[PDB]
Amino acid sequence: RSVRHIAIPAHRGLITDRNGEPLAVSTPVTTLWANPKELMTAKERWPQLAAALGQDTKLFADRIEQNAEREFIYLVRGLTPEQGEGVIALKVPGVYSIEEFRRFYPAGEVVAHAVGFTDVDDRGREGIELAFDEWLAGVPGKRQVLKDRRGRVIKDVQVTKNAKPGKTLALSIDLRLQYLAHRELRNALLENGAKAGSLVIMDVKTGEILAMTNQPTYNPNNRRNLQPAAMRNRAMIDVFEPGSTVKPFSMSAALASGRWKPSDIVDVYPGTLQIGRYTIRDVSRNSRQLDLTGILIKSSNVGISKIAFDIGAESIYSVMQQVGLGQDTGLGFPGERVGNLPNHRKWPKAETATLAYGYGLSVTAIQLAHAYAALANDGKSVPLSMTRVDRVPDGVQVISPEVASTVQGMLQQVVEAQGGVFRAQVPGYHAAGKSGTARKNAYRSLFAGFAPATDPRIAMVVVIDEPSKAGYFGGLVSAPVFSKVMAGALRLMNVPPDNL
Ligand SMILES: *C(=O)[C@@H](NC(=O)/C(=N\OC(C)(C)C(=O)O)c1csc(N)n1)[C@H](C=C)NC(=O)NS(=O)(=O)n1nc(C2=NC=C(O)C(=O)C2)n(CCCS(C)(=O)=O)c1=O
């Protein structure tokens with residue numbers, strides 16, 4: 001006989017989307033356990049118990065003998081009460097049923113990267129489950145018990161400490177947008193025979209992550225084999241060169257310098273520019289004079305480079321740093337990357353140019369979307385949030401409102417002007433953005449933008465990794481994904497059409 005104190009497990013808090021839709025739920029599962037010390041007195045029952053558990057009689061008997069010094073072993077976890085009652089109906093001494101809490105993920109693969117999962121012990125192991133584990137877990141209680149020599153509970157004397165349930169967590173994710181984004185990203189991977197991809201949607205006014213999806217994905221309810229590539233929340237833990245999608249930030253520095261206006265002209269002939277042993281190269285090389293809007297429409301590396309030499313790389317680096325490229329988001333998601341915005345005491349000419357067109361810098365899809373959100377929100381960056389925001393924190397003015405407004409107009413022209421990225425056009429709305437194509441033979445296709453251009457509400461980033469068909473440019477591959485997902489997201493959010 002022994003007086004002992006045992007734990008009372010706590011109920012893990014519910015994770016919902018922003019509207020209360022369930023994303024991670026603690027559900028009762030029937031667990032069968034046994035005390036090997038008690039089992040030793042009832043050997044004649046073992047074979048029938050083994051048969052009920054679908055185990056070979058000899059392996060089962062060997063298992064009980066190997067664990068003979070233990071007072072607890074799991075027999076089977078995750079049964080239905082009906083299934084557990086069938087094993088309990090054998091009335092084997094030392095066999096017990098228990099209702100345990102186990103996570104179920106109702107949206108499965110659709111929000112797997114964001115939500116993450118719990119381990120077999122119900123502890124946060126990945127994603128939000130890990131990041132907010134303290135909030136979700138609660139505090140176990142304590143029970144006083146009298147145990148016999150075998151460790152069998154003879155009497156339940158009293159509860160010394162009641163368990164405290166974990167707390168509900170409402171994510172910033174809008175499950176309706178998440179499903180839309182998930183489906184369209186999946187479809188684009190098929191259309192392009194691509195290896196992987198990410199799609200992030202952000203509320204430019206609140207800093208909320210409305211959707212965050214990646215391909216490949218996995219079913220968190222059935223993690224049996226268990227692919228590492230499929231479990232990566234690429235939008236947060238993968239870094240990439242943003243390329244031509246950072247040209248609006250180089251343009252912001254240009255307009256803020258006092259030396260450039262959108263109608264100023266740059267001569268980009270013959271579509272290449274030698275700087276020692278390095279050559280800056282444009283894709284289409286049949287231009288001479290281009291205005292600043294033209295440089296973005298035509299995505300001229302030569303044009304943005306000449307502007308960068310004039311204003312200096314320091315001014316460009318400062319805008320990129322202020323909008324958060326290669327900077328800590330403060331989110332603390334497990335494995336989240338900071339990326340890298342290179343710096344120099346004295347910027348050489350080749351490095352000034354490559355910085356201006358997003359070569360040699362590394363960012364995450366969340367960073368790039370946050371930077372476009374700041375630009376869309378008249379230059380004001382609202383802090384990022386993975387949770388529903390009721391009281392919006394104060395933003396920081398990172399680009400002056402006039403400069404941000406001018407760059408927004410230029411980006412609407414990139415989408416709507418003749419010779420522009422027409423595939424990004426959103427039916428019924430004015431949209432703005434910029435595509436990118438990064439050579440990693442192998443390519444990464446990008447589109448970053450926001451809408452409605454007259455009163456921006458949503459920023460979006462589409463990343464398609466290694467499209468394998470003839471088409472690889474961001475304006476061909478990623479821009480139509482932005483169009484479909486932005487049209488859907490605006491309609492779900494009842495955003496009034498502005499292209500009247
Ligand atoms: C910006 O992203 C910039 N990328 C680079 O300079 C990088 N590589 O360039 C390529 C050409 C892919 C290479 O070297 O193989 C790069 C940056 S960081 C890194 N590691 N590599 C390029 C080139 C200036 N810009 C774009 O790709 N912009 S875009 O996606 O908007 N886009 N440009 C074009 C074309 N325009 C004109 C032509 O003649 C073309 O052949 C391609 N397109 C095609 C569709 C245009 S449209 C009018 O139908 O929408 C884009 O989508």
# chains A, B, ... in the order shown; residues from 1 in each chain; ligands from 1

$ closest_atom_pairs --of "chain A" --to "ligand 1" --cutoff "6 Å" --atoms "only C-alpha atoms and all ligand atoms" --output "Markdown table"
| residue | atom | partner | partner_atom_place_in_ligand_line | distance |
| --- | --- | --- | --- | --- |
| A:241 | CA | ligand 1 | 18 (S) | 5.2 |
| A:243 | CA | ligand 1 | 18 (S) | 3.8 |
| A:244 | CA | ligand 1 | 1 (C) | 3.2 |
| A:282 | CA | ligand 1 | 24 (C) | 4.8 |
| A:283 | CA | ligand 1 | 23 (C) | 5.0 |
| A:284 | CA | ligand 1 | 39 (O) | 3.9 |
| A:299 | CA | ligand 1 | 24 (C) | 4.8 |
| A:300 | CA | ligand 1 | 24 (C) | 5.1 |
| A:301 | CA | ligand 1 | 24 (C) | 5.0 |
| A:358 | CA | ligand 1 | 18 (S) | 5.4 |
| A:359 | CA | ligand 1 | 18 (S) | 3.8 |
| A:419 | CA | ligand 1 | 48 (C) | 4.8 |
| A:420 | CA | ligand 1 | 48 (C) | 4.7 |
| A:421 | CA | ligand 1 | 50 (O) | 3.5 |
| A:422 | CA | ligand 1 | 50 (O) | 5.5 |
| A:435 | CA | ligand 1 | 31 (O) | 4.0 |
| A:436 | CA | ligand 1 | 2 (O) | 3.3 |
| A:437 | CA | ligand 1 | 27 (O) | 3.8 |
| A:438 | CA | ligand 1 | 21 (N) | 3.6 |
| A:439 | CA | ligand 1 | 21 (N) | 4.3 |
| A:440 | CA | ligand 1 | 20 (N) | 5.4 |
| A:473 | CA | ligand 1 | 52 (O) | 4.3 |
| A:474 | CA | ligand 1 | 30 (O) | 3.8 |
| A:475 | CA | ligand 1 | 52 (O) | 2.8 |
| A:476 | CA | ligand 1 | 52 (O) | 5.0 |

$ residues_around --residues "segment 20-26 of chain A" --least-positions-apart "2" --cutoff "7 Å" --atoms "only C-alpha atoms" --output "list in words"
residues 11, 12, 14, 15, 16, 17, 18, 28, 101, 102, 103, 104, 105, 106, 107 and 170 of chain A

$ write_last_selection --atoms "N, CA and C atoms" --output "PDB file, in the first residue's frame"
ATOM      1  N   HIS A  11      -7.179  19.911 -20.799  1.00  0.00           N
ATOM      2  CA  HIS A  11      -7.782  19.931 -22.147  1.00  0.00           C
ATOM      3  C   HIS A  11      -7.109  21.043 -22.968  1.00  0.00           C
ATOM      4  N   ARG A  12      -6.455  20.679 -24.080  1.00  0.00           N
ATOM      5  CA  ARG A  12      -5.740  21.641 -24.956  1.00  0.00           C
ATOM      6  C   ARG A  12      -6.736  22.579 -25.652  1.00  0.00           C
ATOM      7  N   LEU A  14      -8.742  25.093 -28.117  1.00  0.00           N
ATOM      8  CA  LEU A  14      -9.173  25.019 -29.504  1.00  0.00           C
ATOM      9  C   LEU A  14      -8.463  26.092 -30.356  1.00  0.00           C
ATOM     10  N   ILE A  15      -8.008  25.729 -31.566  1.00  0.00           N
ATOM     11  CA  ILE A  15      -7.478  26.724 -32.521  1.00  0.00           C
ATOM     12  C   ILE A  15      -8.585  26.928 -33.551  1.00  0.00           C
ATOM     13  N   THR A  16      -8.962  28.196 -33.800  1.00  0.00           N
ATOM     14  CA  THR A  16      -9.955  28.470 -34.841  1.00  0.00           C
ATOM     15  C   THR A  16      -9.341  29.417 -35.868  1.00  0.00           C
ATOM     16  N   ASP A  17     -10.038  29.622 -36.981  1.00  0.00           N
ATOM     17  CA  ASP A  17      -9.689  30.677 -37.920  1.00  0.00           C
ATOM     18  C   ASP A  17     -10.232  31.999 -37.321  1.00  0.00           C
ATOM     19  N   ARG A  18     -10.158  33.091 -38.077  1.00  0.00           N
ATOM     20  CA  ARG A  18     -10.589  34.385 -37.556  1.00  0.00           C
ATOM     21  C   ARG A  18     -12.097  34.507 -37.268  1.00  0.00           C
ATOM     22  N   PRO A  28     -11.973  13.383 -27.808  1.00  0.00           N
ATOM     23  CA  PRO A  28     -11.777  12.181 -26.981  1.00  0.00           C
ATOM     24  C   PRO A  28     -11.452  10.962 -27.829  1.00  0.00           C
ATOM     25  N   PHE A 101      -7.270  12.925 -24.649  1.00  0.00           N
ATOM     26  CA  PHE A 101      -7.504  13.955 -25.653  1.00  0.00           C
ATOM     27  C   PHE A 101      -6.455  13.889 -26.738  1.00  0.00           C
ATOM     28  N   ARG A 102      -6.885  13.960 -27.980  1.00  0.00           N
ATOM     29  CA  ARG A 102      -5.970  13.871 -29.105  1.00  0.00           C
ATOM     30  C   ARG A 102      -6.454  14.881 -30.140  1.00  0.00           C
ATOM     31  N   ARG A 103      -5.512  15.559 -30.792  1.00  0.00           N
ATOM     32  CA  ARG A 103      -5.865  16.571 -31.808  1.00  0.00           C
ATOM     33  C   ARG A 103      -6.416  15.974 -33.077  1.00  0.00           C
ATOM     34  N   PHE A 104      -7.433  16.652 -33.657  1.00  0.00           N
ATOM     35  CA  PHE A 104      -7.971  16.399 -34.984  1.00  0.00           C
ATOM     36  C   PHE A 104      -7.937  17.746 -35.716  1.00  0.00           C
ATOM     37  N   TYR A 105      -7.554  17.731 -36.994  1.00  0.00           N
ATOM     38  CA  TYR A 105      -7.367  18.931 -37.825  1.00  0.00           C
ATOM     39  C   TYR A 105      -8.430  18.896 -38.942  1.00  0.00           C
ATOM     40  N   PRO A 106      -9.591  19.524 -38.693  1.00  0.00           N
ATOM     41  CA  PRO A 106     -10.713  19.420 -39.649  1.00  0.00           C
ATOM     42  C   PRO A 106     -10.442  19.877 -41.074  1.00  0.00           C
ATOM     43  N   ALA A 107      -9.517  20.835 -41.273  1.00  0.00           N
ATOM     44  CA  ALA A 107      -9.186  21.290 -42.631  1.00  0.00           C
ATOM     45  C   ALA A 107      -7.965  20.565 -43.229  1.00  0.00           C
ATOM     46  N   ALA A 170      -7.651  32.237 -31.734  1.00  0.00           N
ATOM     47  CA  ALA A 170      -8.238  32.547 -33.037  1.00  0.00           C
ATOM     48  C   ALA A 170      -7.124  33.098 -33.925  1.00  0.00           C
TER      49      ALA A 170
END

$ select_by_dssp --residues "segment 51-214 of chain A" --states "alpha helix (DSSP H)" --output "PDB file with C-alpha atoms, in the first residue's frame"
ATOM      1  CA  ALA A  51      -6.434 -11.830 -30.303  1.00  0.00           C
ATOM      2  CA  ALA A  52      -8.704  -8.881 -29.332  1.00  0.00           C
ATOM      3  CA  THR A  57      -0.026 -14.671 -28.974  1.00  0.00           C
ATOM      4  CA  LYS A  58       3.738 -15.302 -28.509  1.00  0.00           C
ATOM      5  CA  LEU A  59       4.891 -11.738 -29.301  1.00  0.00           C
ATOM      6  CA  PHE A  60       2.209 -10.451 -26.860  1.00  0.00           C
ATOM      7  CA  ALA A  61       3.262 -12.893 -24.065  1.00  0.00           C
ATOM      8  CA  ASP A  62       6.976 -11.969 -24.709  1.00  0.00           C
ATOM      9  CA  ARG A  63       6.010  -8.240 -24.537  1.00  0.00           C
ATOM     10  CA  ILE A  64       4.365  -8.686 -21.087  1.00  0.00           C
ATOM     11  CA  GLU A  65       7.437 -10.594 -19.764  1.00  0.00           C
ATOM     12  CA  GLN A  66       9.906  -7.953 -21.156  1.00  0.00           C
ATOM     13  CA  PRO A  81     -15.521   3.739 -26.842  1.00  0.00           C
ATOM     14  CA  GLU A  82     -17.393   0.775 -28.496  1.00  0.00           C
ATOM     15  CA  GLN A  83     -14.006  -0.796 -29.526  1.00  0.00           C
ATOM     16  CA  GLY A  84     -12.489  -0.239 -26.038  1.00  0.00           C
ATOM     17  CA  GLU A  85     -15.568  -1.760 -24.299  1.00  0.00           C
ATOM     18  CA  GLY A  86     -15.057  -4.977 -26.341  1.00  0.00           C
ATOM     19  CA  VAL A  87     -11.527  -5.434 -24.883  1.00  0.00           C
ATOM     20  CA  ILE A  88     -12.844  -4.392 -21.399  1.00  0.00           C
ATOM     21  CA  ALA A 112      -1.205  22.180 -42.185  1.00  0.00           C
ATOM     22  CA  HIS A 113       1.830  24.468 -42.555  1.00  0.00           C
ATOM     23  CA  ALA A 114       0.314  27.328 -40.556  1.00  0.00           C
ATOM     24  CA  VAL A 115      -1.355  25.254 -37.791  1.00  0.00           C
ATOM     25  CA  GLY A 127       3.715  25.543 -36.529  1.00  0.00           C
ATOM     26  CA  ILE A 128       1.270  27.513 -34.364  1.00  0.00           C
ATOM     27  CA  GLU A 129       0.794  24.407 -32.145  1.00  0.00           C
ATOM     28  CA  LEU A 130       4.463  24.801 -31.126  1.00  0.00           C
ATOM     29  CA  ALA A 131       4.686  28.664 -31.237  1.00  0.00           C
ATOM     30  CA  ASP A 133       2.122  25.884 -26.891  1.00  0.00           C
ATOM     31  CA  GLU A 134       2.054  27.635 -23.465  1.00  0.00           C
ATOM     32  CA  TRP A 135      -1.223  29.439 -24.299  1.00  0.00           C
ATOM     33  CA  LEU A 136      -2.844  26.222 -25.707  1.00  0.00           C
ATOM     34  CA  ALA A 137      -1.581  23.607 -23.230  1.00  0.00           C
ATOM     35  CA  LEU A 175     -10.364  29.760 -43.869  1.00  0.00           C
ATOM     36  CA  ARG A 176     -12.463  30.797 -46.953  1.00  0.00           C
ATOM     37  CA  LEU A 177      -9.416  32.659 -48.419  1.00  0.00           C
ATOM     38  CA  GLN A 178      -7.092  29.839 -47.254  1.00  0.00           C
ATOM     39  CA  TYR A 179      -9.156  27.226 -49.223  1.00  0.00           C
ATOM     40  CA  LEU A 180      -9.206  29.483 -52.313  1.00  0.00           C
ATOM     41  CA  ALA A 181      -5.426  30.153 -52.135  1.00  0.00           C
ATOM     42  CA  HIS A 182      -4.680  26.408 -51.464  1.00  0.00           C
ATOM     43  CA  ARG A 183      -6.748  25.289 -54.532  1.00  0.00           C
ATOM     44  CA  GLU A 184      -5.298  27.865 -56.951  1.00  0.00           C
ATOM     45  CA  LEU A 185      -1.680  27.324 -55.849  1.00  0.00           C
ATOM     46  CA  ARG A 186      -2.234  23.520 -56.273  1.00  0.00           C
ATOM     47  CA  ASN A 187      -3.734  24.086 -59.808  1.00  0.00           C
ATOM     48  CA  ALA A 188      -0.833  26.375 -60.831  1.00  0.00           C
ATOM     49  CA  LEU A 189       1.736  23.728 -59.725  1.00  0.00           C
ATOM     50  CA  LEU A 190      -0.059  21.232 -62.060  1.00  0.00           C
ATOM     51  CA  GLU A 191      -0.391  23.680 -64.996  1.00  0.00           C
ATOM     52  CA  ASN A 192       3.323  24.555 -64.759  1.00  0.00           C
TER      53      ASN A 192
END

$ select_by_dssp --residues "segment 256-382 of chain A" --states "strand (DSSP E or B)" --output "PyMOL selection string"
chain A and resi 265-267+272-275+278-281+289-291+340+362-363+380-381

$ residues_around --residues "residue 400 of chain A" --least-positions-apart "3" --cutoff "9 Å" --atoms "only C-alpha atoms" --output "PDB file with C-alpha atoms, in the first residue's frame"
ATOM      1  CA  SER A 252      10.580  54.626 -53.833  1.00  0.00           C
ATOM      2  CA  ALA A 256      12.251  60.268 -52.222  1.00  0.00           C
ATOM      3  CA  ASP A 378       0.220  54.513 -48.111  1.00  0.00           C
ATOM      4  CA  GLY A 379       3.727  53.667 -46.840  1.00  0.00           C
ATOM      5  CA  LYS A 380       2.671  52.718 -43.290  1.00  0.00           C
ATOM      6  CA  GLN A 397       5.567  55.307 -41.548  1.00  0.00           C
ATOM      7  CA  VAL A 403       6.012  58.613 -52.550  1.00  0.00           C
ATOM      8  CA  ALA A 404       4.007  55.470 -51.672  1.00  0.00           C
ATOM      9  CA  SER A 405       0.964  56.910 -53.550  1.00  0.00           C
TER      10      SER A 405
END

$ closest_residue --among "A:373, A:353, A:431, A:3" --to "residue 151 of chain A" --atoms "only C-alpha atoms"
A:3

$ atom_distance --atom1 "atom CA of residue 230 of chain A" --atom2 "atom CA of residue 218 of chain A"
5.9 Å

$ atom_distance --atom1 "atom CA of residue 6 of chain A" --atom2 "atom CA of residue 167 of chain A"
23.0 Å

$ residues_around --residues "residue 219 of chain A" --least-positions-apart "3" --cutoff "8 Å" --atoms "only C-alpha atoms" --output "JSON, numbers by chain"
{"A": [108, 109, 112, 222, 223]}

$ residues_around --residues "segment 319-333 of chain A" --least-positions-apart "3" --cutoff "6 Å" --atoms "only C-alpha atoms" --output "ChimeraX atom specification"
/A:131,316,336,338-341,363,367,371,398

$ write_last_selection --atoms "N, CA, C and O atoms" --output "short mmCIF file (atom, residue, chain, number, x, y, z; two decimals), in the first residue's frame"
data_model
loop_
_atom_site.label_atom_id
_atom_site.label_comp_id
_atom_site.auth_asym_id
_atom_site.auth_seq_id
_atom_site.Cartn_x
_atom_site.Cartn_y
_atom_site.Cartn_z
N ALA A 131 4.53 27.24 -31.55
CA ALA A 131 4.69 28.66 -31.24
C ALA A 131 3.81 29.15 -30.07
O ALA A 131 4.29 29.96 -29.27
N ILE A 316 18.64 53.01 -51.25
CA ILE A 316 17.87 51.81 -51.63
C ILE A 316 17.85 50.79 -50.50
O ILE A 316 16.78 50.29 -50.13
N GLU A 336 11.36 30.05 -38.65
CA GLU A 336 11.23 31.24 -39.51
C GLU A 336 12.59 31.84 -39.82
O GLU A 336 13.44 31.98 -38.93
N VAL A 338 15.19 34.94 -41.37
CA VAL A 338 15.34 36.39 -41.42
C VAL A 338 15.78 36.77 -42.86
O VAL A 338 15.47 37.86 -43.33
N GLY A 339 16.49 35.88 -43.53
CA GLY A 339 16.99 36.18 -44.87
C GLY A 339 18.22 37.07 -44.78
O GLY A 339 18.88 37.10 -43.73
N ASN A 340 18.53 37.82 -45.85
CA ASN A 340 19.73 38.66 -45.84
C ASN A 340 19.67 39.77 -46.84
O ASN A 340 19.48 39.53 -48.04
N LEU A 341 19.89 40.98 -46.35
CA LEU A 341 19.96 42.18 -47.15
C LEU A 341 21.42 42.56 -46.99
O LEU A 341 21.84 42.91 -45.89
N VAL A 363 15.00 36.84 -49.17
CA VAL A 363 13.81 37.20 -48.39
C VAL A 363 12.87 35.99 -48.32
O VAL A 363 13.03 35.01 -49.07
N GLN A 367 7.96 38.11 -45.77
CA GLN A 367 8.61 39.42 -45.83
C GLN A 367 8.18 40.19 -47.07
O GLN A 367 7.85 41.38 -46.97
N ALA A 371 6.21 43.84 -47.09
CA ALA A 371 6.78 45.01 -47.75
C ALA A 371 5.75 45.63 -48.71
O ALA A 371 5.59 46.85 -48.71
N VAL A 398 7.07 54.07 -43.07
CA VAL A 398 8.37 53.61 -43.60
C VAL A 398 8.70 54.24 -44.96
O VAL A 398 9.88 54.25 -45.32
#

$ atom_distance --atom1 "atom CA of residue 44 of chain A" --atom2 "atom CA of residue 95 of chain A"
13.9 Å

$ residues_around --residues "residue 266 of chain A" --least-positions-apart "4" --cutoff "10 Å" --atoms "only C-alpha atoms" --output "mmCIF file with C-alpha atoms, in the first residue's frame"
data_model
loop_
_atom_site.group_PDB
_atom_site.id
_atom_site.type_symbol
_atom_site.label_atom_id
_atom_site.label_comp_id
_atom_site.auth_asym_id
_atom_site.auth_seq_id
_atom_site.Cartn_x
_atom_site.Cartn_y
_atom_site.Cartn_z
ATOM 1 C CA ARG A 288 16.442 53.376 -75.733
ATOM 2 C CA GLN A 289 14.561 56.082 -73.725
ATOM 3 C CA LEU A 290 12.208 54.745 -71.051
ATOM 4 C CA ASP A 291 10.424 56.766 -68.405
ATOM 5 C CA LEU A 292 10.389 55.502 -64.758
ATOM 6 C CA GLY A 294 8.377 52.245 -68.398
ATOM 7 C CA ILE A 295 11.383 50.846 -66.494
ATOM 8 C CA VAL A 302 19.706 48.499 -66.924
ATOM 9 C CA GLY A 303 17.180 51.287 -66.174
ATOM 10 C CA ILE A 304 16.902 50.604 -62.442
ATOM 11 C CA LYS A 306 21.355 53.687 -63.766
ATOM 12 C CA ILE A 307 18.832 55.201 -61.307
#

$ residues_around --residues "residue 163 of chain A" --least-positions-apart "2" --cutoff "8 Å" --atoms "only C-alpha atoms" --output "mmCIF file with N, CA and C atoms, in the first residue's frame"
data_model
loop_
_atom_site.group_PDB
_atom_site.id
_atom_site.type_symbol
_atom_site.label_atom_id
_atom_site.label_comp_id
_atom_site.auth_asym_id
_atom_site.auth_seq_id
_atom_site.Cartn_x
_atom_site.Cartn_y
_atom_site.Cartn_z
ATOM 1 N N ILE A 8 -3.400 15.090 -13.518
ATOM 2 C CA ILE A 8 -4.711 15.129 -14.162
ATOM 3 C C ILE A 8 -4.413 15.877 -15.464
ATOM 4 N N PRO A 9 -4.456 15.238 -16.655
ATOM 5 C CA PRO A 9 -4.155 15.994 -17.883
ATOM 6 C C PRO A 9 -5.172 17.116 -18.106
ATOM 7 N N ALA A 10 -4.706 18.223 -18.708
ATOM 8 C CA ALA A 10 -5.505 19.408 -19.042
ATOM 9 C C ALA A 10 -5.992 19.335 -20.509
ATOM 10 N N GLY A 138 -2.522 24.747 -21.244
ATOM 11 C CA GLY A 138 -3.170 24.762 -19.924
ATOM 12 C C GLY A 138 -2.235 24.231 -18.841
ATOM 13 N N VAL A 139 -2.774 23.857 -17.661
ATOM 14 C CA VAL A 139 -1.900 23.344 -16.591
ATOM 15 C C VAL A 139 -2.479 22.040 -16.022
ATOM 16 N N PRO A 140 -1.710 20.932 -15.997
ATOM 17 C CA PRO A 140 -2.270 19.691 -15.442
ATOM 18 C C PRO A 140 -2.625 19.837 -13.953
ATOM 19 N N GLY A 141 -3.598 19.058 -13.521
ATOM 20 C CA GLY A 141 -3.997 19.008 -12.122
ATOM 21 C C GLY A 141 -3.255 17.908 -11.385
ATOM 22 N N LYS A 142 -3.651 17.659 -10.131
ATOM 23 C CA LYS A 142 -3.038 16.633 -9.279
ATOM 24 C C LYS A 142 -4.129 15.939 -8.481
ATOM 25 N N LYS A 161 -5.270 19.488 -6.704
ATOM 26 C CA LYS A 161 -5.192 20.620 -7.629
ATOM 27 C C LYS A 161 -6.016 20.309 -8.884
ATOM 28 N N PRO A 165 -7.920 24.164 -18.068
ATOM 29 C CA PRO A 165 -7.887 23.944 -19.522
ATOM 30 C C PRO A 165 -7.067 25.005 -20.257
#

$ closest_residue --among "A:296, A:368, A:411, A:489" --to "residue 240 of chain A" --atoms "only C-alpha atoms"
A:368

$ decode --residues "segment 352-366 of chain A" --atoms "N, CA, C and O atoms" --output "compact mmCIF listing (two decimals), in the first residue's frame"
# COMPACT_ATOMS: atom_id res chain seq x y z
N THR A 352 25.69 47.88 -56.18
CA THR A 352 24.63 48.91 -56.18
C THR A 352 23.54 48.45 -57.17
O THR A 352 22.35 48.46 -56.82
N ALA A 353 23.95 48.02 -58.38
CA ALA A 353 23.01 47.57 -59.41
C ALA A 353 22.22 46.32 -59.02
O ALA A 353 20.98 46.33 -59.07
N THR A 354 22.91 45.26 -58.54
CA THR A 354 22.28 44.01 -58.18
C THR A 354 21.30 44.18 -57.02
O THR A 354 20.21 43.61 -57.07
N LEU A 355 21.63 45.05 -56.04
CA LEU A 355 20.72 45.36 -54.94
C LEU A 355 19.42 45.95 -55.54
O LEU A 355 18.32 45.50 -55.22
N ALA A 356 19.57 46.93 -56.44
CA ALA A 356 18.44 47.62 -57.06
C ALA A 356 17.47 46.70 -57.78
O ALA A 356 16.28 47.00 -57.82
N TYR A 357 17.97 45.59 -58.37
CA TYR A 357 17.06 44.68 -59.05
C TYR A 357 16.91 43.32 -58.32
O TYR A 357 16.45 42.35 -58.90
N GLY A 358 17.18 43.31 -57.01
CA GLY A 358 16.90 42.14 -56.19
C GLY A 358 17.72 40.89 -56.42
O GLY A 358 17.25 39.78 -56.12
N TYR A 359 18.95 41.06 -56.89
CA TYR A 359 19.87 39.94 -57.10
C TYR A 359 20.81 39.89 -55.89
O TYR A 359 21.29 40.93 -55.43
N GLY A 360 21.04 38.69 -55.36
CA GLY A 360 21.96 38.51 -54.24
C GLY A 360 21.41 38.87 -52.88
O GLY A 360 22.18 38.99 -51.93
N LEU A 361 20.10 39.12 -52.78
CA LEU A 361 19.48 39.34 -51.47
C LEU A 361 18.49 38.23 -51.28
O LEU A 361 18.06 37.64 -52.27
N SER A 362 18.21 37.86 -50.03
CA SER A 362 17.29 36.75 -49.79
C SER A 362 16.23 37.16 -48.82
O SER A 362 16.51 37.84 -47.83
N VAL A 363 15.00 36.84 -49.17
CA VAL A 363 13.81 37.20 -48.39
C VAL A 363 12.87 35.99 -48.32
O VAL A 363 13.03 35.01 -49.07
N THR A 364 11.88 36.07 -47.44
CA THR A 364 10.82 35.07 -47.37
C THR A 364 9.56 35.66 -48.03
O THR A 364 9.44 36.89 -48.17
N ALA A 365 8.62 34.78 -48.42
CA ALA A 365 7.36 35.21 -49.02
C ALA A 365 6.59 36.11 -48.03
O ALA A 365 5.99 37.10 -48.47
N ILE A 366 6.63 35.81 -46.71
CA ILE A 366 5.96 36.65 -45.70
C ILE A 366 6.61 38.05 -45.71
O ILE A 366 5.91 39.06 -45.66
